[PDB]
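Engineer: Attaching a single structure in structure tokens format; questions to follow.
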Number of protein chains: 2
Amino acid sequence: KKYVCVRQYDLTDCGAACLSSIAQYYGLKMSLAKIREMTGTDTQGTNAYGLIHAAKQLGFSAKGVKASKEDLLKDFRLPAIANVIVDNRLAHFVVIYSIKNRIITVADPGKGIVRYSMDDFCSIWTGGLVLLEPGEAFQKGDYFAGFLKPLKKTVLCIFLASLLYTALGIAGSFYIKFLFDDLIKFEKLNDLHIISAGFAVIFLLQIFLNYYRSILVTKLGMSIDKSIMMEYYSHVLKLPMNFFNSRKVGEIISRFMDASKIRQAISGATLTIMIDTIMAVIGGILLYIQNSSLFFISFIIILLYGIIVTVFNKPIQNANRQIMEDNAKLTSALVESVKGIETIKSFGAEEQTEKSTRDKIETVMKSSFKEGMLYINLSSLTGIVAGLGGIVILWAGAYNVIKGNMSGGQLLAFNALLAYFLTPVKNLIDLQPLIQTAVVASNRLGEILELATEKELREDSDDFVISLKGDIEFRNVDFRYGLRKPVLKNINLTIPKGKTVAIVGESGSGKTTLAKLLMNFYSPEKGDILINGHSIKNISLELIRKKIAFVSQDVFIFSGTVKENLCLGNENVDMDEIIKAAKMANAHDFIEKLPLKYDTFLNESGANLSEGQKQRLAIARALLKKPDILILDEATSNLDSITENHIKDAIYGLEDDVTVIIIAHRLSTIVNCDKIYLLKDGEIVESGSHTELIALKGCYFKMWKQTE
Amino acid sequence: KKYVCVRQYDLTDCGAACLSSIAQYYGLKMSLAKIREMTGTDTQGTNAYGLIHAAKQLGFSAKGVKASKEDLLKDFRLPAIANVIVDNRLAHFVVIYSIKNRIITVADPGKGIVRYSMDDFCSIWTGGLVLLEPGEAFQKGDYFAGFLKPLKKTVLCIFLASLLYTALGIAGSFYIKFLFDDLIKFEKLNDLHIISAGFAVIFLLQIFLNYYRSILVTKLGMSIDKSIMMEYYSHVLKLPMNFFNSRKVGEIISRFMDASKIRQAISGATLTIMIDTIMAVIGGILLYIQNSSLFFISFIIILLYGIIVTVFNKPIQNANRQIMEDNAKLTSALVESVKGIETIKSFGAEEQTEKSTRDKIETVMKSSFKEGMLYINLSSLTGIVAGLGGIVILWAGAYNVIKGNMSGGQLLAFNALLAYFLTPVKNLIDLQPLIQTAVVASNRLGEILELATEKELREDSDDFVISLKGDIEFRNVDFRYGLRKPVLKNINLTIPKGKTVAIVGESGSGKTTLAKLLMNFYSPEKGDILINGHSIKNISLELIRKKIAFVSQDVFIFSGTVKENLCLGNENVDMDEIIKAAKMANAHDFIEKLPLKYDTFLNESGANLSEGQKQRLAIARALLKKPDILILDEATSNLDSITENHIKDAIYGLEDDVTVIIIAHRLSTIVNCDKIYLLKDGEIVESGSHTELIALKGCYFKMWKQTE
Ligand SMILES: Nc1ncnc2c1ncn2[C@@H]1O[C@H](COP(=O)(O)OP(=O)(O)OP(=O)(O)O)[C@@H](O)[C@H]1O
Ligand SMILES: Nc1ncnc2c1ncn2[C@@H]1O[C@H](COP(=O)(O)OP(=O)(O)OP(=O)(O)O)[C@@H](O)[C@H]1O
């Protein structure tokens with residue numbers, strides 16, 4: 001056996017890095033990004049419970065107990081993961097491989113191979129330990145193309161064009177060398193004119209080849225950009241709301257906009273690499289035929305250039321990864337700053353926002369200064385190396401001329417061959433900047449492959465039939481958001497079928513998350529939500545959100561025409577149906593006074609529309625969808641009595657086919673209804689009808705008396 | 001005089017273009033951007049009333065009457081602007097300059113100048129005319145540096161470095177030519193080694209000079225980008241919310257990010273232009289000394305290159321302006337699509353939101369393909385011209401060698417001089433892409449140069465006297481948003497001083513714009529808003545927003561820590577005051593249960609906070625500001641019973657120093673208050689106290705009876 005460890009790449013989430021390191025220690029050479037993302041890493045630091053769950057799903061026999069002071073154990077099972085409080089800063093996760101008698105081997109990825117004595121061990125940490133051992137499910141073993149395959153003919157044509165251009169250049173160089181070698185002391189004017197005409201024809205042929213080469217390179221880049229953009233965006237929509245809550249808007253906006261670099265750079269780099277490969281293949285044979293000493297000198301120069309580029313390849317990513325993830329932060333701050341235009345001016349804090357944006361610009365630009373300084377230094381070093389190589393080549397040519405080995409035509413041919421070889425040097429210089437494509441590909445694939453499980457695989461629906469009607473119910477449902485005490489602690493609730501039930505409660509008493517669970521926005525940990533003797537986990541997710549709607553309080557009016565916003569979702573809608581819906585939800589008398597009936601272009605999100613009017617419009621839009629089960633969180637008319645219509649028409653229009661769940665902020669708005677459900681401290685405290693709850697004389701009656 | 005006209009650049013709003021054209025016809029060389037902006041151009045088209053208002057404010061004596069069929073008028077005052085219904089498509093605006101007997105000269109911006117008689121003149125249009133004449137308020141006359149001035153030493157150093165590099169190159173070329181001319185067949189090994197060492201030393205000096213020059217340009221571009229970005233953001237801050245309502249968020253975000261190139265290309269192009277100027281200055285003298293025929297050939301080649309680059313110089317902007325304006329629209333739609341992630345998934349319409357994005361990508365990429373095809377074509381013709389010039393130069397050199405005019409060393413010197421001259425050709429090729437910076441500079445001066453700057457221009461207060469606070473009142477206030485009937489028609493309202501007054505109404509009855517006017521968000525057209533015998537137009541705008549707050553219903557929680565959000569605006573706040581405020585607005589018992597007291601990092605806008613809880617937090621934040629005049633819009637805790645506290649503590653805590661305006665959606669929540677103000681159809685319909693209004697038995701009583 002030998003010592004092996006994996007170092008740190010991220011900054012805040014070192015626990016996932018430690019888990020990956022122990023994974024490859026047991027022999028799982030899997031990408032750390034995907035494993036880290038399905039571990040469930042937190043920005044502020046996931047606790048040991050998430051790590052235990054990640055070990056369980058990986059196939060480990062993990063168990064978490066406070067760290068034993070006696071770290072000289074014998075029946076112990078290595079390696080181990082433990083917590084440390086580094087000089088009273090935070091809790092960091094470290095791994096220990098093999099104790100012998102006295103040496104504590106800690107493989108901290110932060111700063112390399114670490115070696116503390118027990119004096120430091122007793123000083124740093126306080127308590128924490130997870131005993132991870134494989135459960136034989138965690139099994140050992142030494143465990144893009146489609147886009148290239150759709151343009152095989154174009155790739156072949158581009159390669160043929162590059163080969164033709166290289167052949168034309170080689171033929172022209174050979175003809176020029178032969179003319180110089182033979183027709184030197186010729187003194188012929190017509191021959192010179194004919195040679196000039198031939199050279200002009202060769203140049204015209206080269207231009208003709210360059211036409212097709214450049215046009216097809218641009219066309220290939222176009223299609224590659226289209227494919228990658230479309231795939232990313234399609235995958236970026238199909239995510240659960242948890243990823244949206246976790247990340248900012250700008251950290252998503254900036255990732256998509258970075259394709260402009262990769263498309264152009266890859267389009268250029270493919271042609272450059274093909275041309276360089278062809279040129280090197282020709283040049284190697286040409287040099288081998290020509291001479292050995294000149295070939296040796298050229299090989300030495302190429303080896304020096306390759307040594308330089310290999311030595312300085314690593315540092316480029318170290319700057320690019322900072323540039324990208326600081327530009328992302330700049331965009332994320334600026335988007336939010338612009339969006340809250342009303343609030344920023346309302347409290348008159350413009351200069352503070354300006355100074356914050358100045359700080360963001362200053363850091364994003366100080367990073368760029370270094371990222372350009374490295375490029376300039378490398379370019380200058382490469383140019384100096386090229387100049388030294390050219391001086392050496394000139395000296396060698398002079399020595400050969402003095403010795404009489406090579407002739408003037410041979411010197412010209414050697415110069416042409418050296419230029420052809422240095423074309424690969426220019427290709428290597430360009431590929432030095434291909435790290436700019438590598439970093440953007442790795443950054444954006446970081447949520448393409450890792451989050452792929454969240455797209456549809458995590459659903460695991462597998463459902464035989466469709467739709468629902470009846471009654472909803474809960475069974476031992478425990479739901480938590482993470483880093484917080486559970487809000488849905490223990491619910492035993494069965495809503496009566498086809499009745500107007502309502503849920504009242506207090507602020508922070510989970511009045512919404514209860515409805516959020518029904519839409520399968522977040523999956524519950526324990527228990528299940530049953531509908532007509534079924535389960536949410538065993539029903540198609542499309543019908544789950546298609547048959548039941550949800551009128552969120554923060555209504556989001558989508559940009560475009562009114563007809564599109566009303567028709568969003570269920571497409572192919574006749575105008576008569578939406579007219580009936582608007583009359584049903586009081587959205588027809590409103591639309592009459594607008595300048596263009598159902599043809600007004602709404603800018604941004606209801607900018608030219610009143611907030612109460614937008615709330616009414618959202619209810620109308622939901623009533624278009626014809627939901628069987630409806631959920632209204634207050635936000636009904638928001639105009640005092642008028643709200644009588646926008647519900648009474650529904651209940652009268654229901655004809656007992658639908659059921660309604662009213663998350664009612666304002667008590668006494670729900671009096672003549674089937675049941676009232678209070679949940680406090682997670683548990684369903686008291687339930688019953690209005691008269692029954694009033695006669696009960698509990699906390700419900702106390703709150704009612706306090707209200708009035 | 002002579003005929004002059006202006007061509008159309010936009011598509012939908014040609015009236016602003018016609019107004020600008022008639023402005024230059026009367027001697028106004030102002031950018032059409034600002035004029036088009038304060039004309040009030042709509043996506044569909046502004047009527048004649050807005051154009052008349054624009055003429056009045058610009059200083060043109062305009063009057064709008066239906067067009068006279070008898071268009072042979074003699075007492076008339078040309079030029080004229082008239083509307084036309086072009087073959088029953090839309091209402092376009094045209095200008096007529098001079099009529100002789102049977103001549104109509106339509107200088108249509110869309111299709112240039114056309115000549116028509118009355119044969120078609122009566123056929124096309126139906127009715128409309130505006131008679132614009134200079135009222136002598138308009139006047140005739142032929143109506144960046146700081147950033148360059150702060151880097152004079154750096155610019156001088158860069159110029160000196162470029163001159164040193166040019167001198168080193170010239171000295172090396174001259175030494176090489178002299179060595180070839182003198183030591184052609186000397187065959188001295190020591191002399192060759194010494195010459196190689198000297199050439200290597202010269203190359204090292206040139207490499208050092210290029211290194212220093214490159215780092216100079218990099219740091220100069222750094223500072224230029226910093227200054228320009230910082231300037232733009234501040235100017236994008238104090239702009240009327242009108243600008244925010246009119247424009248999308250992406251059309252603002254894409255402008256700021258556009259600097260990424262302008263900075264880099266300008267930094268490169270400054271050094272390139274300086275080097276090219278120095279090289280051309282040297283080369284002209286060198287060629288004049290050398291020979292005339294070679295100088296004539298070089299001048300002809302340079303003229304051909306200039307002609308070919310100038311012929312296609314204008315078309316590049318015609319593509320870049322499309323590229324930028326389409327990328328802006330892509331970002332504007334995609335940002336909204338991402339930020340409405342809840343609503344998109346609520347109705348499960350991810351399919352449509354992908355197809356629309358695919359269409360946007362397709363158009364923004366076809367435009368890019370065209371704009372790259374133009375670049376490739378121009379580059380290919382430039383390369384072909386360069387190759388032809390090189391062939392001609394080789395033929396001329398061969399002819400001179402045959403005639404015996406120039407020698408081999410002279411041929412090498414001529415080749416070096418030709419390379420130095422063609423360096424300016426490469427500089428011109430690079431400056432061909434400087435249109436990419438010119439277009440973004442123009443697009444962004446379309447905002448920087450052309451903006452309202454609400455602080456500087458719209459205010460015009462210049463208040464030296466201390467602000468006075470008391471009862472508020474309205475005087476003949478008429479306020480409209482544009483293209484709509486006025487919402488604030490005619491108000492004669494005087495709020496009692498230091499009393500709890502409330503304003504109730506119906507949806508679409510200006511239930512907020514009335515308060516929006518007080519904050520001087522939009523300036524009223526007629527009348528004024530008086531405070532303690534003063535006016536809003538004659539009070540400092542900072543105090544107007546510092547002394548009175550506004551709790552918007554769409555609360556915007558600003559990203560960061562809770563302490564920052566509470567302390568936003570009024571900085572330097574002691575913790576005791578915010579604790580008192582939170583206890584005053586019920587925001588302390590909330591903050592206790594959170595994991596970190598006043599130190600929780602909020603993602604996005606209240607993502608990990610309850611909606612209602614964020615609403616309460618906004619009220620607490622407003623109560624920090626200690627406003628003398630307060631405006632609530634329901635949205636007080638929204639928990640019914642608890643709301644009693646979050647107002648009663650304020651009124652008890654006010655001690656009559658403050659006054660409160662309650663825009664109350666829910667009637668019967670305001671019973672024990674000073675006055676109730678109903679505004680209907682713009683006018684104040686009925687006012688009075690609760691008992692007085694009940695005894696009045698009007699529409700107020702009818703609505704009360706209908707409510708319950
Ligand atoms: N991502 C999250 N989503 C929802 N609630 C969260 C989240 N993170 C933390 N929480 C907390 O969990 C609780 C759930 O609040 P919930 O959204 O259910 O309230 P609500 O229905 O808006 O309350 P109210 O009675 O004021 O109307 C709150 O205390 C909230 O601050
Ligand atoms: N920029 C704008 N600001 C406000 N209203 C606008 C604007 N543009 C158009 N409108 C329209 O003008 C009318 C004025 O509405 P206003 O904003 O005064 O109502 P509100 O007080 O917000 O409404 P409510 O009390 O019913 O919720 C509405 O029909 C609104 O849609």
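Here, A, B, ... name the chains of the structure tokens in the order displayed, residue numbers run from 1 inside each chain, and ligands are numbered from 1 in the same displayed order.
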List every residue of chain A that has an atom at most 12 Å from any atom of ligand 1, giving for each one its closest atom pair and the distance in Å to one decimal, counting only C-alpha atoms and all ligand atoms, sorted by chain and then by ascending residue number, as JSON lines.

Structural biologist:
```
{"residue": "A:240", "atom": "CA", "partner": "ligand 1", "partner_atom_place_in_ligand_line": "1 (N)", "distance": 11.9}
{"residue": "A:241", "atom": "CA", "partner": "ligand 1", "partner_atom_place_in_ligand_line": "1 (N)", "distance": 8.9}
{"residue": "A:242", "atom": "CA", "partner": "ligand 1", "partner_atom_place_in_ligand_line": "1 (N)", "distance": 7.4}
{"residue": "A:243", "atom": "CA", "partner": "ligand 1", "partner_atom_place_in_ligand_line": "1 (N)", "distance": 10.3}
{"residue": "A:244", "atom": "CA", "partner": "ligand 1", "partner_atom_place_in_ligand_line": "1 (N)", "distance": 9.9}
{"residue": "A:245", "atom": "CA", "partner": "ligand 1", "partner_atom_place_in_ligand_line": "1 (N)", "distance": 6.6}
{"residue": "A:246", "atom": "CA", "partner": "ligand 1", "partner_atom_place_in_ligand_line": "1 (N)", "distance": 8.6}
{"residue": "A:247", "atom": "CA", "partner": "ligand 1", "partner_atom_place_in_ligand_line": "1 (N)", "distance": 11.8}
{"residue": "A:479", "atom": "CA", "partner": "ligand 1", "partner_atom_place_in_ligand_line": "12 (O)", "distance": 10.5}
{"residue": "A:480", "atom": "CA", "partner": "ligand 1", "partner_atom_place_in_ligand_line": "12 (O)", "distance": 8.4}
{"residue": "A:481", "atom": "CA", "partner": "ligand 1", "partner_atom_place_in_ligand_line": "8 (N)", "distance": 6.0}
{"residue": "A:482", "atom": "CA", "partner": "ligand 1", "partner_atom_place_in_ligand_line": "8 (N)", "distance": 7.9}
{"residue": "A:483", "atom": "CA", "partner": "ligand 1", "partner_atom_place_in_ligand_line": "9 (C)", "distance": 8.8}
{"residue": "A:484", "atom": "CA", "partner": "ligand 1", "partner_atom_place_in_ligand_line": "9 (C)", "distance": 7.2}
{"residue": "A:485", "atom": "CA", "partner": "ligand 1", "partner_atom_place_in_ligand_line": "12 (O)", "distance": 8.7}
{"residue": "A:486", "atom": "CA", "partner": "ligand 1", "partner_atom_place_in_ligand_line": "12 (O)", "distance": 8.2}
{"residue": "A:487", "atom": "CA", "partner": "ligand 1", "partner_atom_place_in_ligand_line": "13 (C)", "distance": 6.2}
{"residue": "A:488", "atom": "CA", "partner": "ligand 1", "partner_atom_place_in_ligand_line": "18 (O)", "distance": 8.9}
{"residue": "A:489", "atom": "CA", "partner": "ligand 1", "partner_atom_place_in_ligand_line": "14 (C)", "distance": 11.9}
{"residue": "A:503", "atom": "CA", "partner": "ligand 1", "partner_atom_place_in_ligand_line": "25 (O)", "distance": 10.0}
{"residue": "A:504", "atom": "CA", "partner": "ligand 1", "partner_atom_place_in_ligand_line": "25 (O)", "distance": 7.9}
{"residue": "A:505", "atom": "CA", "partner": "ligand 1", "partner_atom_place_in_ligand_line": "25 (O)", "distance": 5.8}
{"residue": "A:506", "atom": "CA", "partner": "ligand 1", "partner_atom_place_in_ligand_line": "25 (O)", "distance": 4.4}
{"residue": "A:507", "atom": "CA", "partner": "ligand 1", "partner_atom_place_in_ligand_line": "25 (O)", "distance": 3.3}
{"residue": "A:508", "atom": "CA", "partner": "ligand 1", "partner_atom_place_in_ligand_line": "29 (O)", "distance": 3.9}
{"residue": "A:509", "atom": "CA", "partner": "ligand 1", "partner_atom_place_in_ligand_line": "25 (O)", "distance": 5.6}
{"residue": "A:510", "atom": "CA", "partner": "ligand 1", "partner_atom_place_in_ligand_line": "18 (O)", "distance": 3.0}
{"residue": "A:511", "atom": "CA", "partner": "ligand 1", "partner_atom_place_in_ligand_line": "21 (O)", "distance": 3.6}
{"residue": "A:512", "atom": "CA", "partner": "ligand 1", "partner_atom_place_in_ligand_line": "21 (O)", "distance": 3.9}
{"residue": "A:513", "atom": "CA", "partner": "ligand 1", "partner_atom_place_in_ligand_line": "18 (O)", "distance": 4.5}
{"residue": "A:514", "atom": "CA", "partner": "ligand 1", "partner_atom_place_in_ligand_line": "18 (O)", "distance": 7.0}
{"residue": "A:515", "atom": "CA", "partner": "ligand 1", "partner_atom_place_in_ligand_line": "18 (O)", "distance": 8.8}
{"residue": "A:516", "atom": "CA", "partner": "ligand 1", "partner_atom_place_in_ligand_line": "18 (O)", "distance": 8.7}
{"residue": "A:517", "atom": "CA", "partner": "ligand 1", "partner_atom_place_in_ligand_line": "18 (O)", "distance": 10.5}
{"residue": "A:521", "atom": "CA", "partner": "ligand 1", "partner_atom_place_in_ligand_line": "3 (N)", "distance": 10.7}
{"residue": "A:522", "atom": "CA", "partner": "ligand 1", "partner_atom_place_in_ligand_line": "3 (N)", "distance": 9.9}
{"residue": "A:552", "atom": "CA", "partner": "ligand 1", "partner_atom_place_in_ligand_line": "22 (O)", "distance": 10.5}
{"residue": "A:553", "atom": "CA", "partner": "ligand 1", "partner_atom_place_in_ligand_line": "22 (O)", "distance": 9.4}
{"residue": "A:554", "atom": "CA", "partner": "ligand 1", "partner_atom_place_in_ligand_line": "22 (O)", "distance": 11.0}
{"residue": "A:632", "atom": "CA", "partner": "ligand 1", "partner_atom_place_in_ligand_line": "21 (O)", "distance": 11.8}
{"residue": "A:633", "atom": "CA", "partner": "ligand 1", "partner_atom_place_in_ligand_line": "27 (O)", "distance": 8.4}
{"residue": "A:634", "atom": "CA", "partner": "ligand 1", "partner_atom_place_in_ligand_line": "27 (O)", "distance": 9.3}
{"residue": "A:635", "atom": "CA", "partner": "ligand 1", "partner_atom_place_in_ligand_line": "27 (O)", "distance": 11.3}
{"residue": "A:662", "atom": "CA", "partner": "ligand 1", "partner_atom_place_in_ligand_line": "21 (O)", "distance": 11.5}
{"residue": "A:663", "atom": "CA", "partner": "ligand 1", "partner_atom_place_in_ligand_line": "21 (O)", "distance": 7.8}
{"residue": "A:664", "atom": "CA", "partner": "ligand 1", "partner_atom_place_in_ligand_line": "27 (O)", "distance": 8.1}
{"residue": "A:665", "atom": "CA", "partner": "ligand 1", "partner_atom_place_in_ligand_line": "27 (O)", "distance": 6.0}
{"residue": "A:666", "atom": "CA", "partner": "ligand 1", "partner_atom_place_in_ligand_line": "27 (O)", "distance": 9.6}
{"residue": "A:667", "atom": "CA", "partner": "ligand 1", "partner_atom_place_in_ligand_line": "25 (O)", "distance": 11.4}
{"residue": "A:678", "atom": "CA", "partner": "ligand 1", "partner_atom_place_in_ligand_line": "25 (O)", "distance": 10.8}
{"residue": "A:679", "atom": "CA", "partner": "ligand 1", "partner_atom_place_in_ligand_line": "25 (O)", "distance": 10.2}
{"residue": "A:680", "atom": "CA", "partner": "ligand 1", "partner_atom_place_in_ligand_line": "25 (O)", "distance": 10.4}
{"residue": "A:681", "atom": "CA", "partner": "ligand 1", "partner_atom_place_in_ligand_line": "13 (C)", "distance": 10.8}
{"residue": "A:682", "atom": "CA", "partner": "ligand 1", "partner_atom_place_in_ligand_line": "14 (C)", "distance": 10.2}
```

Engineer: Tell me which protein, DNA and RNA residues are within 8 Å of region 190-195 of chain A, counting only C-alpha atoms, leaving out same-chain ones fewer than 3 positions away, and put them as a PDB file with N, CA, C and O atoms, in the first residue's frame.

Structural biologist:
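New file around-v5.pdb:
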```
ATOM      1  N   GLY A 198       2.431  32.439 -62.413  1.00  0.00           N
ATOM      2  CA  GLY A 198       2.169  31.206 -61.688  1.00  0.00           C
ATOM      3  C   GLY A 198       2.021  31.434 -60.193  1.00  0.00           C
ATOM      4  O   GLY A 198       1.159  30.838 -59.542  1.00  0.00           O
ATOM      5  N   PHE A 199       2.865  32.303 -59.631  1.00  0.00           N
ATOM      6  CA  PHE A 199       2.747  32.636 -58.215  1.00  0.00           C
ATOM      7  C   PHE A 199       1.419  33.323 -57.921  1.00  0.00           C
ATOM      8  O   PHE A 199       0.788  33.059 -56.890  1.00  0.00           O
TER       9      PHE A 199
ATOM     10  N   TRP B 395       8.001  41.473 -58.630  1.00  0.00           N
ATOM     11  CA  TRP B 395       8.266  41.711 -60.046  1.00  0.00           C
ATOM     12  C   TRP B 395       9.067  42.992 -60.253  1.00  0.00           C
ATOM     13  O   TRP B 395       9.993  43.027 -61.073  1.00  0.00           O
ATOM     14  N   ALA B 398      12.655  42.339 -59.250  1.00  0.00           N
ATOM     15  CA  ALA B 398      13.343  41.580 -60.290  1.00  0.00           C
ATOM     16  C   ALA B 398      13.697  42.467 -61.478  1.00  0.00           C
ATOM     17  O   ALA B 398      14.800  42.367 -62.032  1.00  0.00           O
TER      18      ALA B 398
END
```

Engineer: Take CA of residue 73 (chain B) and CA of residue 45 (chain B) and report the distance between them in Å, one decimal.

Structural biologist: 28.8 Å

Engineer: Give me the residues of chain A that have any atom at most 9 Å from an atom of ligand 2; for each, the nearest atom pair and the distance in Å, rounded to one decimal. Use only C-alpha atoms and all ligand atoms, sort by chain and number, and format it as a tab-separated table.

Structural biologist:
```
residue	atom	partner	partner_atom_place_in_ligand_line	distance
A:590	CA	ligand 2	29 (O)	8.2
A:593	CA	ligand 2	29 (O)	8.3
A:594	CA	ligand 2	29 (O)	7.8
A:606	CA	ligand 2	31 (O)	8.2
A:607	CA	ligand 2	1 (N)	6.1
A:608	CA	ligand 2	8 (N)	3.5
A:609	CA	ligand 2	31 (O)	3.5
A:610	CA	ligand 2	22 (O)	4.2
A:611	CA	ligand 2	27 (O)	5.5
A:612	CA	ligand 2	27 (O)	4.1
A:613	CA	ligand 2	26 (O)	6.2
A:614	CA	ligand 2	27 (O)	8.7
A:638	CA	ligand 2	27 (O)	7.6
A:639	CA	ligand 2	26 (O)	7.3
```

Engineer: May I ask for the distance between CA of residue 7 (chain B) and CA of residue 305 (chain B), given in Å to one decimal place?

Structural biologist: 29.0 Å

Engineer: Write out as a PDB file with N, CA and C atoms, in the first residue's frame each polymer residue whose atoms come within 9 Å of residue 600 (chain B), counting only C-alpha atoms; drop sequence neighbours fewer than 2 positions from it.

Structural biologist:
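Heads up, here's the output in selection-v8.pdb:
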```pdb
ATOM      1  N   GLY B 560     -28.330  40.211   1.273  1.00  0.00           N
ATOM      2  CA  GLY B 560     -27.341  40.519   2.284  1.00  0.00           C
ATOM      3  C   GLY B 560     -27.777  40.083   3.666  1.00  0.00           C
ATOM      4  N   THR B 561     -27.211  40.701   4.698  1.00  0.00           N
ATOM      5  CA  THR B 561     -27.609  40.386   6.057  1.00  0.00           C
ATOM      6  C   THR B 561     -28.847  41.190   6.454  1.00  0.00           C
ATOM      7  N   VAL B 562     -29.553  40.687   7.467  1.00  0.00           N
ATOM      8  CA  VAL B 562     -30.709  41.390   8.010  1.00  0.00           C
ATOM      9  C   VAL B 562     -30.342  42.775   8.531  1.00  0.00           C
ATOM     10  N   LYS B 563     -29.176  42.918   9.163  1.00  0.00           N
ATOM     11  CA  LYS B 563     -28.767  44.213   9.691  1.00  0.00           C
ATOM     12  C   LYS B 563     -28.647  45.249   8.583  1.00  0.00           C
ATOM     13  N   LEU B 594     -34.463  32.688  14.476  1.00  0.00           N
ATOM     14  CA  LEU B 594     -33.554  32.429  13.369  1.00  0.00           C
ATOM     15  C   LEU B 594     -32.198  31.972  13.905  1.00  0.00           C
ATOM     16  N   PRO B 595     -31.464  31.141  13.149  1.00  0.00           N
ATOM     17  CA  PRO B 595     -30.227  30.546  13.680  1.00  0.00           C
ATOM     18  C   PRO B 595     -29.193  31.555  14.157  1.00  0.00           C
ATOM     19  N   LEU B 596     -29.029  32.660  13.433  1.00  0.00           N
ATOM     20  CA  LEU B 596     -28.051  33.692  13.776  1.00  0.00           C
ATOM     21  C   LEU B 596     -28.788  35.023  13.901  1.00  0.00           C
ATOM     22  N   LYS B 597     -28.845  35.553  15.120  1.00  0.00           N
ATOM     23  CA  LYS B 597     -29.534  36.812  15.373  1.00  0.00           C
ATOM     24  C   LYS B 597     -28.935  37.936  14.540  1.00  0.00           C
ATOM     25  N   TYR B 598     -29.747  38.485  13.635  1.00  0.00           N
ATOM     26  CA  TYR B 598     -29.364  39.632  12.812  1.00  0.00           C
ATOM     27  C   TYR B 598     -28.100  39.359  12.001  1.00  0.00           C
ATOM     28  N   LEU B 602     -29.455  36.390   3.482  1.00  0.00           N
ATOM     29  CA  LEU B 602     -30.677  36.117   2.725  1.00  0.00           C
ATOM     30  C   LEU B 602     -30.319  35.974   1.253  1.00  0.00           C
TER      31      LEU B 602
END
```

Engineer: In Å, how far is it from CA of residue 67 (chain A) to CA of residue 121 (chain A)?

Structural biologist: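 Calculated distance between CA of residue 67 (chain A) and CA of residue 121 (chain A) is 11.4 Å.
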
Engineer: Do a neighbour search on residue 133 (chain A) at 8 Å with only C-alpha atoms, toss out local chain neighbours closer than 2 positions, and write the hits as a ChimeraX atom specification.

Structural biologist: /A:60-62,77-78,131,135

Engineer: Using C-alpha atoms, can you write the selected residues to a file as a tab-separated table (two decimals), in the first residue's frame?

Structural biologist:
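Output below, filename out.tsv:
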```tsv
chain	number	residue	atom	x	y	z
A	60	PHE	CA	-21.14	3.12	3.43
A	61	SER	CA	-21.80	1.84	6.94
A	62	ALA	CA	-21.55	5.30	8.48
A	77	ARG	CA	-11.48	0.84	11.18
A	78	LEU	CA	-9.51	3.32	9.05
A	131	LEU	CA	-17.20	6.11	11.27
A	135	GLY	CA	-21.21	-1.85	3.31
```

Engineer: Write out as a list in words which residues come within 8 Å of residue 707 (chain A) when counting only C-alpha atoms, dropping same-chain ones fewer than 3 positions away.

Structural biologist: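 The residues that qualify are residues 703 and 704 of chain A; 640, 641 and 642 of chain B.
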
Engineer: Residues within 9 Å of residue 690 (chain B), please, as a list in words. Count only C-alpha atoms; anything in the same chain fewer than 5 positions from it doesn't count.

Structural biologist: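 These residues fall inside the cut-off: residues 670, 671, 672, 673, 674, 675, 676 and 695 of chain B.
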
Engineer: Determine which residues of region 298-484 of chain A DSSP labels as helix (DSSP H, G or I) from the backbone of this structure, then write them out as number ranges by chain.

Structural biologist: A: 298-339, 341-346, 350-403, 408-445, 452-457

Engineer: Of the candidates A:171, A:445, A:575, A:11, which shows the shortest atom-to-atom distance to residue 31 (chain A), using only C-alpha atoms?

Structural biologist: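 Result for the nearest residue to residue 31 (chain A): A:445.
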